[PDB]
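**Student:** So I pulled this structure from the PDB, and the sequence comes with it:
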Amino acid sequence: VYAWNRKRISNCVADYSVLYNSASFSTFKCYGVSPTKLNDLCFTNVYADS
Amino acid sequence: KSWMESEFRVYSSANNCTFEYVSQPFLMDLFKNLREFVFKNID
Ligand SMILES: *[C@@H]1O[C@H](CO)[C@@H](O)[C@H](O)[C@H]1NC(C)=O
């Protein structure tokens, strides 16, 4: 966690519907946006912090 | 019986990358040819 990995995602078609239905998630909370609205939203960049 | 690239020394470091894109891999061949390009930085 102190060295959390960050991946920069850009210039690609994000597939939120398939991604959110792939595995089992014990916690899933979105703030400032709904999970299903992302299929209709466009963003400059994405940061994936794992 | 074919040239093979083995040296690339252009930048010493690369930090805080702001874009990256790689096209599909291919083979480059190692009467003339003219390659013209127009580079425009707008908006
Ligand atoms: C990269 O960005 C971070 C914060 O976004 C900053 O602290 C760091 O100094 C930047 N890297 C360089 C080489 O300036």
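**Tutor:** Yep, it's here. Numbers count the residues shown, from 1 in each chain, chains lettered A, B, ... in the order given.

**Student:** CA only for contacts and neighbour counts going forward, please
**Tutor:** Fine.

**Student:** What ranges does chain B have for its helices?
**Tutor:** Counting by DSSP state H, chain B has no helices at all.

**Student:** I meant to write chain A there.
**Tutor:** A:16-20.

**Student:** who touches stretch A:38-46?
**Tutor:** With contacts defined as C-alpha atoms under 8 Å, 6 or more residues apart in numbering or on different chains, stretch A:38-46 is touched by A:8, A:9, A:10, A:14, A:15, A:16, A:17.

**Student:** what does stretch A:23-36 give?
**Tutor:** For stretch A:23-36, contacts defined as C-alpha under 8 Å, 6+ apart pick out A:16, A:17.

**Student:** tell me how far it is from the chain's mean position?
**Tutor:** 9 Å (C-alpha atoms, centre = their mean, to the nearest Å).

**Student:** Equivalent analysis for stretch A:22-42, please.
**Tutor:** 7 Å.

**Student:** State the distance spanning the first to the last residue of it.
**Tutor:** Start-to-end span of stretch A:22-42 (C-alpha to C-alpha, to the nearest Å) is 22 Å.

**Student:** So which residue of chain A lies furthest out from the middle?
**Tutor:** Distance to the chain centre peaks in chain A at residue A:2, reaching 20.7 Å (criterion: C-alpha atoms, centre = their mean).

**Student:** and of the contacts of stretch A:38-46, the nearest to residue B:39?
**Tutor:** residue A:10 (21.7 Å; C-alpha to C-alpha).

**Student:** Could you tell me which of the contacts of stretch A:38-46 count as buried?
**Tutor:** Neighbour counting by 16 or more other C-alpha atoms under 10 Å in any protein chain shown classes residue A:10 among the contacts of stretch A:38-46 as buried.

**Student:** Return the closest of the contacts of stretch A:38-46 with respect to residue B:27.
**Tutor:** residue A:10 (26.6 Å).

**Student:** For the closest one, which non-adjacent residue is spatially closest?
**Tutor:** residue A:45 (5.2 Å; C-alpha to C-alpha, 6 or more residues apart in numbering or on different chains).

**Student:** picking that back up, in contact with the residue farthest from the centre of chain A, which residues?
**Tutor:** By C-alpha under 8 Å, 6+ apart, the contact set of residue A:2 is empty.
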